[PDB]
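One structure is given here, and the rest of the page talks about it.
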Amino acid sequence: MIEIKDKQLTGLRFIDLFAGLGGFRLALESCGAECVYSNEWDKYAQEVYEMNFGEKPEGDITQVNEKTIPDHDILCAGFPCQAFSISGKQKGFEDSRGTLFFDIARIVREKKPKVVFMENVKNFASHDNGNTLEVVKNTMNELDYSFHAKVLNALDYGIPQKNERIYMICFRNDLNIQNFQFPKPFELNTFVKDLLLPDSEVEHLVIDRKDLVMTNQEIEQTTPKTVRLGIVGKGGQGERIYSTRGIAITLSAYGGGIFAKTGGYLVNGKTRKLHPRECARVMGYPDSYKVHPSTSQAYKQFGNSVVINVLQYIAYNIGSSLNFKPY
DNA sequence: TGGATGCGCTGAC
DNA sequence: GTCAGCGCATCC
Ligand SMILES: Nc1ncnc2c1ncn2[C@@H]1O[C@H](CSCC[C@H](N)C(=O)O)[C@@H](O)[C@H]1O
């Protein structure tokens, strides 16, 4: 994550829904905002969240009386994506995990914050012939909010990640916000190789599969894209090896394959998956952030997470717009 | 809502 | 045809 000198969100309160690791919290706090509520029902996510912020998030949002939620200015919510991801079955709202957005609407309808900042996977934008995004848009409009949605690729904002997500920023209409803009892309100067840990700390992640098939030659020049170098097994998810001279493939929460949830990389002649600390780094997390003691849970958590830097630029722009109040 | 890995199918070229 | 995906069902 980057340092923010002009703290555009100073004096603003926000809630961290579907908190997870608290990526939205790191991003908004870096801009000066104060978190006044967090909700996360996963046992392990609650532990790491508490480990880093000192508080246990409240559980299952579907059972929380929205009236009990503290007053806040900005509602943050990177809601469940298994039901909308290109990698899943796409049952969308038909999925028991795909109706959480309506819980968000319920809370918005009651607390009416100034801003609603949501995040979901790229496919959410086109799922069900665009009907899914349209439903969210109309719901927010009904609630008297403007709706700004755009897919941003993390590689355009200083993080070597193919992470592509749809970001939705909603402003309560009475605020008459007309200058909100998504961050403009800038040149990537950091690549996977730059965030890797020393070899001595990741020897245990090195795997030598005799069914490894190098398909492409290693590149010597860094490039802002994923560069596949080979595969193991049939080359399915978690069975693809990439160049550290390129960018990291999207992390996943329930991913499989021998290089589960991170993908495989060619590092000094060896092939290995990423270390939880490396996952944290490719997601924009500071080294000061404490990962969960279970590597399996840590991989899952970062796989579900957001790229901090991207949320930082968005948060900064949200604040920039809320502060432009000329006479 | 354990940890691990082989897998298969969709979306966007 | 190419390839990537906050995933899935199953095994212990
Ligand atoms: N009904 C529910 N109540 C509370 N949390 C829920 C929930 N259903 C799913 N979640 C949590 O929603 C999260 C969605 S992933 C969001 C991760 C978050 N942005 C962070 O930066 O990491 C998951 O951690 C999941 O455990």
Side-chain angles (χ1 to χ4, degrees), chain A residues 18-21 23-24 40-49 56-57 59-60 77-92 95-98 100 118-130 132 151-155 161-167 204-205 207 209 211 215-216 225-243 246-264 273-274 276 279-280 282-285 292-308 310-311:
Chain A
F18 307 99
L21 292 162
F24 275 92
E40 166 60 55
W41 78 345
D42 181 272
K43 175 178 191 302
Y44 307 105
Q46 296 183 327
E47 302 178 340
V48 71
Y49 194 91
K56 180 183 180 180
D60 194 345
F79 54 109
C81 79
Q82 310 99 308
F84 309 103
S85 174
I86 183 178
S87 192
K89 294 188 159 187
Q90 296 190 74
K91 296 189 176 190
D95 196 301
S96 58
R97 302 163 302 170
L100 285 307
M118 297 179 281
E119 170 275 338
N120 215 292
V121 299
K122 179 188 187 176
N123 196 60
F124 186 94
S126 56
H127 178 262
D128 184 29
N129 298 303
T132 299
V151 172
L152 302 191
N153 193 157
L155 62 78
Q161 250 266 43
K162 178 190 172 51
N163 181 279
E164 288 164 0
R165 300 287 180 262
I166 180 61
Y167 297 92
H204 57 295
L205 302 173
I207 61 181
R209 278 184 60 146
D211 68 315
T215 58
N216 301 75
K225 69 192 205 68
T226 57
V227 180
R228 188 191 291 191
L229 296 182
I231 63 168
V232 294
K234 304 184 177 185
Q237 283 171 285
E239 309 190 309
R240 302 147 185 176
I241 294 81
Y242 302 81
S243 172
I247 63 180
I249 56 163
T250 313
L251 299 184
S252 57
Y254 302 92
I258 195 62
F259 300 115
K261 307 175 182 56
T262 78
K273 64 180 183 178
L274 299 178
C279 292
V282 305
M283 289 303 273
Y285 282 74
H292 193 275
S294 168
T295 62
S296 176
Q297 288 303 306
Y299 281 129
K300 173 176 182 172
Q301 307 175 339
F302 285 114
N304 265 335
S305 214
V306 287
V307 177
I308 313 304
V310 180
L311 300 191

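Below, chains carry the letters A, B, ... as their sequence lines are ordered, and counting in each starts from 1. FYI, side chains are in, hydrogens and waters are out, and symmetry mates aren't considered; it's all heavy atoms of this structure.
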Do side-chain atoms of [X] reach the backbone of [Y] as a donor and acceptor pair under 3.5 angstrom?
X: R240(A); Y: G235(A); value: yes
X: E164(A); Y: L152(A); value: no
X: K261(A); Y: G255(A); value: yes
X: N120(A); Y: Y167(A); value: no
X: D95(A); Y: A83(A); value: no

Using a heavy-atom cut-off of under 4.0 Å over every strand shown, decide if [X] touches base, sugar-phosphate, or nothing.
X: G257(A); result: base
X: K261(A); result: base
X: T295(A); result: nothing
X: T250(A); result: sugar-phosphate
X: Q297(A); result: sugar-phosphate
X: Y44(A); result: sugar-phosphate
X: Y242(A); result: sugar-phosphate
X: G78(A); result: base
X: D42(A); result: base

Taking only the [atom1] atom of each, what is the distance from [N] to [M] in whole angstrom?
N: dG8(B); M: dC11(C); atom1: P; answer: 15 Å
N: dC9(B); M: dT10(C); atom1: P; answer: 14 Å
N: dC8(C); M: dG11(B); atom1: P; answer: 15 Å
N: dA9(C); M: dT10(B); atom1: P; answer: 14 Å

Which heavy atom in [X] sits nearest to a heavy atom in [Y], and how many Å separate them?
X: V121(A); Y: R165(A); answer: CA-CD, 3.6 Å
X: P57(A); Y: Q46(A); answer: O-NE2, 3.4 Å
X: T262(A); Y: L274(A); answer: OG1-N, 3.0 Å

Sequence neighbours left out, what passes side-chain contact (heavy atoms from CB on, under 4.5 Å) with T295(A)? Give chain and number order.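 Here the qualifying residues are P276(A), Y299(A).
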Which dot-bracket string fits DNA chain B when only Watson-Crick or G-U wobble pairs with both atom distances under 3.5 Å count, crossing pairs get [ ], and | stands for a partner on a different strand? .||||||.|||||
Under the side chain to side chain donor-acceptor pair (under 3.5 Å) criterion, do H292(A) and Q301(A) qualify, and how do the steps go? CA-CA 9 Å; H292(A) 193 275; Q301(A) 307 175 339; 4.8 Å; no
With sequence neighbours left out, write down each residue that passes side chain to side chain donor-acceptor pair (under 3.5 Å) with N123(A), or none if nothing qualifies.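 Side chain to side chain donor-acceptor pair (under 3.5 Å) list for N123(A), sorted by chain: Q90(A).
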Hey, are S87(A) and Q237(A) close enough side-chain-wise for a donor-acceptor pair under 3.5 Å?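 Yes, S87(A) and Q237(A) have a side-chain donor paired with an acceptor closer than 3.5 Å.
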Taking C-beta and beyond as the side chain, do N216(A) and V227(A) meet within less than 4.5 Å on heavy atoms?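 No, every pair of side-chain atoms sits at 4.5 Å or beyond.
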Within-4.5 Å side-chain heavy-atom neighbours: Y285(A) and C279(A):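 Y285(A) vs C279(A): side chains apart.
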Could you tell me if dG7(C) and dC8(C) pass the stacking criterion of ring centres under 5.5 Å and planes under 30°?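 Base stacking for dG7(C) and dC8(C): confirmed.
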Where does the chain A footprint on DNA chain B start and end, counting 5' to 3' with a 4.0 Å heavy-atom cut-off?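 The protein-touched segment is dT1(B) to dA12(B).
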When you match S126(A) and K234(A) each to their closest nucleotide on DNA chain B, which lands nearer the 5' end?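 Comparing both residues, the 5'-ward one is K234(A).
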Reading DNA chain C 5' to 3', which nucleotide is the first, and which the last, to come under 4.0 Å of any heavy atom in chain A?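 Contacts span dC3(C) to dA9(C), reading 5' to 3'.
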Is the distance from the ring center of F24(A) to that of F18(A) below 6.0 Å?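 No, the ring of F24(A) stays outside the 6.0 Å limit from the ring of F18(A), centre to centre.
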Both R97(A) and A248(A) contact DNA chain C. Taking the nearest nucleotide for each, which residue is further toward the 5' end?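 It is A248(A), whose closest nucleotide lies nearer the 5' terminus.
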Tell me which residues in residues 81-91 of chain A lie within less than 4.0 Å of DNA chain C, going by non-hydrogen atoms.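 Residues of residues 81-91 of chain A that come under 4.0 Å of DNA chain C are, in numerical order, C81(A), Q82(A), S85(A), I86(A), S87(A), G88(A), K89(A).
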